[PDB]
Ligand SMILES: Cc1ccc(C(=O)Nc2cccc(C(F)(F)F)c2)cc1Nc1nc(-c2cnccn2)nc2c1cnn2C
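Just the one chain here, laid out as structure tokens, in the form solved without this ligand.
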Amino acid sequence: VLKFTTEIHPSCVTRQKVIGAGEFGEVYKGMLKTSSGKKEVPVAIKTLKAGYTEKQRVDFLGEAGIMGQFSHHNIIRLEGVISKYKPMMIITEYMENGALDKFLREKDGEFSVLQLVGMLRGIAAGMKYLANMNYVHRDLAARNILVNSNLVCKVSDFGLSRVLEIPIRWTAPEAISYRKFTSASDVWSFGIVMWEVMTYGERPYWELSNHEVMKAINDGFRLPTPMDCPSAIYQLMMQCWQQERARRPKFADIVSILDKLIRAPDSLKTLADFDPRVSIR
């Protein structure tokens, strides 16, 4: 008994603006009337262009079916789909500030430590929920987290998510080599997202190639501390990068730890030493 995915009638949806485009469809900002013509919500509208294959169809609608199973503050809400009419659409809640990685790059240094940790807490809460609903995301990265105008971060882009049974530099070593994707490999990816947030969207491992990232991780290298990063936050992301996946924290542990730090915020004032990459005398 999966949750009913609502089929939305096209007369209930208006597209107001074209805000992204790919080879397979576009993303629009729009409005959705509900229940019935009495409430209006702003929505994101993702289409699938004519000519789509069976695989594209199952991937596109399957992504909506996954979203439709969830009801969590930190998971993008599915309003519904249009599949009876073409082009087919996935209609979700509108996220005014877009993808988290690009947003942070355009807000470089403008947030407080407490705000950044609060973003991480919300992301972790959504991932904990996702994991305990028996899904692995497999593509967790700041670029797949959306931000609404209240600065709430929500996990999106479930196109590669799977019921339990991709950029190298976000993926756990056992998922790279053995295709063993689990909630524990999402935890590795979350540690990278932690580093992305605390650096305002720095590129993980900078100019290193994918082969070089694999060599470094394999040798025990880990991403160095971000600037002005709480020691507690860096130790936590370091634990997400344990080679042995059973030694990594669960999302349950991550949410609990972040809550304890936010509850006693002077805990965040102890900073990990930033390794000076240049010397000015």
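All residue numbers refer to positions in the sequence shown, first residue = 1. Rigid core: the largest C-alpha set superposing within 1.5 Å between the two forms.
Another form exists, solved in complex with this ligand; not displayed. Remarks below refer to it.
A.B. asks: Quick check on this chain: with this ligand placed from its pose in the deposited complex by superposing the site C-alphas, is the site open or blocked (blocked meaning at least 3 ligand atoms within 2.4 Å of backbone or C-beta)?
C.D. replies: Pocket blocked on this form.
A.B. asks: Counting any non-hydrogen atom inside 4.5 Å, which residue from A184, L120, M198, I90 sits next to this ligand in the deposited complex?
C.D. replies: Spelling it out, the residue with a heavy atom inside the cut-off is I90.
A.B. asks: Of the residues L116, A175, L146, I192, which one places a heavy atom within 4.5 Å of this ligand in the deposited complex?
C.D. replies: By the 4.5 Å criterion, the partner-contacting residue is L146.
A.B. asks: Check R169, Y234 and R248: does every one of them have a heavy atom within 4.5 Å of this ligand in the deposited complex?
C.D. replies: The answer is no: none of the three residues contacts the partner (heavy atom, 4.5 Å cut-off).
A.B. asks: Choose from 63 to 71, 248 to 256, 224 to 232, 49 to 57 the stretch whose residues reach within 4.5 Å of this ligand in the deposited complex, heavy atoms counted.
C.D. replies: Correct option: 63 to 71.
A.B. asks: Is the gap between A44 and this ligand in the deposited complex 4.5 Å or less for some heavy atom pair?
C.D. replies: Within the cut-off, so yes.
A.B. asks: Can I19 be called a contact residue for this ligand in the deposited complex at 4.5 Å between heavy atoms?
C.D. replies: Answer yes; at least one heavy atom of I19 falls within 4.5 Å of this ligand in the deposited complex.
A.B. asks: Please tell me whether any heavy atom belonging to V27 falls inside 4.5 Å of a heavy atom of this ligand, as the geometry stands in the deposited complex.
C.D. replies: Residue-level check for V27: yes, a contact with this ligand.
A.B. asks: Taking this ligand as it sits in the deposited complex, is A125 in contact with it (heavy atom to heavy atom, 4.5 Å or less)?
C.D. replies: Contact check for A125: no, nothing within 4.5 Å of this ligand in the deposited complex.
A.B. asks: Counting only heavy atoms, which residues in 123 to 141 are within 4.5 Å of this ligand in the deposited complex?
C.D. replies: In sequence order, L130, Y135, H137 come within 4.5 Å of the partner.
A.B. asks: Is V18 displaced by at least 2 Å at its C-alpha between this form and the one not shown when the rigid core is overlaid?
C.D. replies: Comparing forms between this form and the one not shown, the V18 CA shifts at least 2 Å.
A.B. asks: With both forms fitted on the core, check whether the Cα of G220 differs by 2 Å or more between this form and the one not shown.
C.D. replies: For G220, whose C-alpha is compared between this form and the one not shown after core superposition, the shift is less than 2 Å.
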